[PDB]
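Dropping a structure here in structure tokens format, bear with me for questions.
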Amino acid sequence: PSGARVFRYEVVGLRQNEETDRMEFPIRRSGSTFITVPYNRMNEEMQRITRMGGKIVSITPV
Amino acid sequence: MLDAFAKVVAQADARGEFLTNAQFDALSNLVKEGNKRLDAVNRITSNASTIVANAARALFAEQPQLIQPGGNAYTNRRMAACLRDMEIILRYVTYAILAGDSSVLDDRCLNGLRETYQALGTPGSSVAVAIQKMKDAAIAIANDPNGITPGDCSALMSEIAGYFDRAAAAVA
Amino acid sequence: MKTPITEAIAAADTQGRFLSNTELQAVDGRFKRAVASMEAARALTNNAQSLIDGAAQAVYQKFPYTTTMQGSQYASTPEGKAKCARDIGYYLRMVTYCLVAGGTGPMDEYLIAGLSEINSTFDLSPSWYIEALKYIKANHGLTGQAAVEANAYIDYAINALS
Amino acid sequence: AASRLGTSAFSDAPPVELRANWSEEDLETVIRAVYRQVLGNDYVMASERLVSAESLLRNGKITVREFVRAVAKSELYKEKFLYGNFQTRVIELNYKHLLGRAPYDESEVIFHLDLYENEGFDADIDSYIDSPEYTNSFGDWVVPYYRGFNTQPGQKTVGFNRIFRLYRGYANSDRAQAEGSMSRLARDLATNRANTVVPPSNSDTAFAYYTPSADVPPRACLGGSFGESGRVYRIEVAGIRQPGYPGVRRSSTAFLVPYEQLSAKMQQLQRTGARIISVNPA
Amino acid sequence: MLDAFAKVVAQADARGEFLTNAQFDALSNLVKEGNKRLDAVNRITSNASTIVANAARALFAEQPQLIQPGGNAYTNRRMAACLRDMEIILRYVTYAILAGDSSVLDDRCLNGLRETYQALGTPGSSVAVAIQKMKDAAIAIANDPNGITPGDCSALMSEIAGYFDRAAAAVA
Amino acid sequence: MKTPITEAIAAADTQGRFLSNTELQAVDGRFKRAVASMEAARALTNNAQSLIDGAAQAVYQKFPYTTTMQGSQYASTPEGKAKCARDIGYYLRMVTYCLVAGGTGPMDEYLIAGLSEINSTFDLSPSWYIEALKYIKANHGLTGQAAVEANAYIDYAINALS
Amino acid sequence: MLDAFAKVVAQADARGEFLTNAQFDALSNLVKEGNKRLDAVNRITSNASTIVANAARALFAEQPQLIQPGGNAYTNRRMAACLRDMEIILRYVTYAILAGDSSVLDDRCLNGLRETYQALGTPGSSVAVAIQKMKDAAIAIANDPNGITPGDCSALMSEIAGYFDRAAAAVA
Amino acid sequence: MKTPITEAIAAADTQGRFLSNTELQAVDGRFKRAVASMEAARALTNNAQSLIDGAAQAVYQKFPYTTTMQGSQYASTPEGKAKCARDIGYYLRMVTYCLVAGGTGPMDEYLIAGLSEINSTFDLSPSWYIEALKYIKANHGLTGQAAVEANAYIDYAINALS
């Protein structure tokens, strides 16, 4: 209903320490990370991941 | 993200050598014609809405399957989404034009846009056609001979076309 | 990096709106000042070797103990003198980069980030580099607004070390 | 100065991100801490815990950010705070529970309230959850903590004052507080007025000092006062009960007193039993 | 996370059998030499900073490419990162020594560590060389026979070497 | 698990610091107590069968109704008696795991979690197992501090069931 | 999230054609038997606890491997999880029966559940057997004629069975 | 402080009235006397060290028992002699302050403000400071109007101590 139908995102290793120095928690692992994103927040989540840096390897509709 | 000045500084940092005289003069030339860049971005942003609207009309005339029932742009909600994404790619290309380098265009946005469409089922080829329609629209509005002090801007026009092409190739 | 053009782009990106006339005016001012900035950068790089060597001698004179004390983190050995000629050169190179970039972006990404950590692990003293930067700021041999910008970046580094 | 102010020990950060994200025990701790911070230290009964969210939480399908949002938008949270309080008060509670701070200026209420009025409450919680502050201080793998005590982020000084209005002790819960059922930081937020810090109770008499400026002397003396040598010290008090002629009236109040008389005034106040909240130069 | 005691009891619980006499005496042997284990970890942790610093200087002397401009241990930010990760490996190996098992070394380190280095482009082989330098330093400091009660702790030293080797093999 | 060793390790890990003397002292205490702890574990395991059967009879005597009333949640049938033996054996095996691990880790992770859920769904009232554990705590036949620690763990289980 | 009525309208929207007469009479049949559907869901929901409990006893008798130590059901934590998931599946299938379609059941409950169990190590085949146990229990108590207005609704019972079967096949 | 200027200001302030001619006349008298006052103050500070030293010796001669008798109040130790010098220095500094203030305000606020209470609690004798002030009053080396005003203030202190 213009929702549900969640999409899984797979993220390339965030190099970090590049425009994300301000982030309070130190990232503990880069890449090989899968984030369940819902359809309704998909727009925002793209913005966030890409703003942090890195890339998206693959997107699988589940 | 990088801009023209940042791009040359970053390459020089990778080698570890002070910027050579040639690089200095190149960037001075770029800044000497920067007013052209500013004019182009100003005109494109002032005509954003008409650019996207005209390109959309052309796209749905060329590929009617999209607006036929059961097609990917049908139901008026997906039509809104389609218009939104056309404007989004225009906005990021505008960012790139002001920067002078396509680094920002490929670093944010078009970073898996192909993948997102491929997962959604949206035809990437049709998106490419739409990007081309917008390419012609934007190059026309930025190259209009009337309303400004005369001169040459063809170099920047080819650059703008290059950015639109990069987007079209990356999304399809 | 935090280059004027890119920060304007990021400011527009966070709001999600096309570049308004305010941002365009700002980048126009950047382009207007770029001619003087690049002239100053050419001047700084043309006399770079003399500046680096003079700064290395200045720190040797301000801190004689550093040229006699035995240890890895001292210039009492020829290898240490090479390291001085390397690091002071890096700082001058970064100043030229900042001048070309019109902002402190390069300085933050390639120098200031983690500088506190490194000076403690390798037992370096920030005062050494501070004195060297002061020599560089006095012998840069620039004039006008371009001189003002260069001295501003140098002082940014000085205050970051402190 | 820790015990009196109330910050007994809030001196670390509990992440759950790990190779053993469950960690077989640590996940229990993280779930408890989220419940304590999001629900305002409310005593959640075992039957009404949000089991569905914890399922995905251990599975790794959802991050800590998603868990915090799930609790925040679940009706468990809504019954305690959202439905039952003035909307502005709800905005204050959201800032306390999700971003671990207090509203720094009126614009915060403007923005969040407009979201609620048009988009709905779900969108309001969304804005808190994905605001840059939540994304930075916490990281989708770090339970929110009260970072308002620490000043590192960059904030108006008033923030410190204001957070101590919302946090009235380690034991306290926002469902059960002295001034509850009505806005705690609303009249002040419009006027950008500072608040005296009310220490939470600690094995001594407590007298919650409400500070409505409707009937109090101004923070400054606004004159020469008595004119005696020395400035004018403003003394607050709460529990005045002994001398009730019509009933004392305005039991909690402040008096601007010239320096030389302070001692005398002090003893008078102590005689009534009110414990002086503050003595600030005016 | 299962330390040595926890490891044996966990496998015994999976099989569902009361701990057998052999397992009891193995654990008693572990406790009998526990003082030695504590002493070794105390001595390693007391010189942690010097161990990491000296090993780092040696690595950058033997492989100058890292600290040359354009290499991964250049820019002073990446230098800080490299020092941080070397000390992190030392910290988790000390945790492992105290535990008596490698569970902590594999959980919260080395698990999805090879991939992170590989994606960043940092040479994993060089990381392994650094781990080996730290291995020699730590084994020497942990077997220093001056300033302590006499004995033989060669078994524990071999165990320490095994932990370091496991890490170096996992990253390279 | 919550084993003293790994609890100290986790305490140091959350603060990102090398093991201080605090954690080393804790582990030292664990090793000091381990002599008695292993003695207690050996004692409980060597006579495990005797204690298991005794506890089964104890529960049968304290709650005679559990051996007569028909239903799946009773030991009226021989299969029910077998399951009762299995459960009390589980409790004793878990306590002997906890003794050797050095803390209440095993009892917490392999039991005591969701115990309320299971005891409510299949209608096994905790009182039965509580009385069985009480019998074990009275007949364990240990002495000294070994007896103290074994009792402590048993009573932790008893209070958890309640 | 669709129901039966929403399902027919969504299909018709995909085709772009007004609801056909066949679809109209189908939905009229659905509403004419609506009280039956409500009664069935009420009976299943009223006996949810006993259905799950009895099915659980049966499952751990027909596959003692799961309960025997070292099987994905020992540890009393995993036992609680197993009961929890059986009840979860019953809950979403009751949602489905009230709705009249399977969209709700496959959108949330069994939307990738197979992969989750495959990674966990819990045998999906046994989970399917448990779902079947629940299926027979629920069918029986929904078809229980004792104390309600009589009338044969074998069709509704077959639909209930179909939804349980869809879940059982999707998890295995 | 009870400076003549501020006294007039306060007198007008309690009545909420603009400065009348009477107040202006008073302040004019202040300024007329200020020329001599400032000359006297300059003279006292030019000889400050000599004056304090001489007064110290004066009390050492007038009260020899204070330089031998044991007790904290007595200067039978170098620290006690330092305390004597410090206090007579306080008195001289207050005199200079009162000279520049043109009134007794400073003397009343920073001295003569419980001087009786303090000397009594410590049990130090006023006579000591009275004789020291007498020496200063005779050795100030002033003449004219400056002399009369300075001696008047010193005598104010003397009679205030009693």
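Should a chain be cited, it is by its letter among A, B, C, D, E, F, G and H, assigned in written order, with residues numbered from 1 in that chain.
Criterion: a contact is a pair of C-beta atoms (placed from the backbone, for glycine too) under 8 Å apart; a residue touches a chain by one contact, two chains touch by 3 or more.
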Higher-contact pair (C-beta pairs counted), D-E versus A-D: A-D
Matching chain pair for E-F (criterion: over half of the contact pairs shared, by residue number), options F-G, B-C or C-E: B-C
Distance from chain G to chain E - Cα centre to Cα centre, in angstrom: 52
Computed distance of Cα centres, chain C from chain B, in Å: 35
CA centroid of chain E to CA centroid of chain H, Å: 76
For chain E, residues contacting two or more additional chains: 1, 13, 16, 77, 81, 108, 112
Junction residues of chain H, two or more chains touched: none
Multi-partner residues of chain D (each touching 2 or more other chains): 15, 24
Contacting residues of chain D [partner chain A, same complex]: 13, 15, 17, 61-63, 66, 130, 135-139, 141-142
Residue numbers on chain D that touch chain E, as the complex places them: 18-20, 23-24
Complex contacts: residues of chain E adjacent to chain B: 68-70, 74
Of all residues in chain A, those that touch chain B in their complex: 2, 7, 42, 46, 50-51, 55-56, 58-61
Complex contact set, residues of chain C against chain B: 1, 3, 5-6, 8-10, 12-13, 16, 18-19, 21, 24, 27-28, 31, 34-35, 38, 41-42, 45, 48, 93, 96-97, 100-102, 105-106, 110
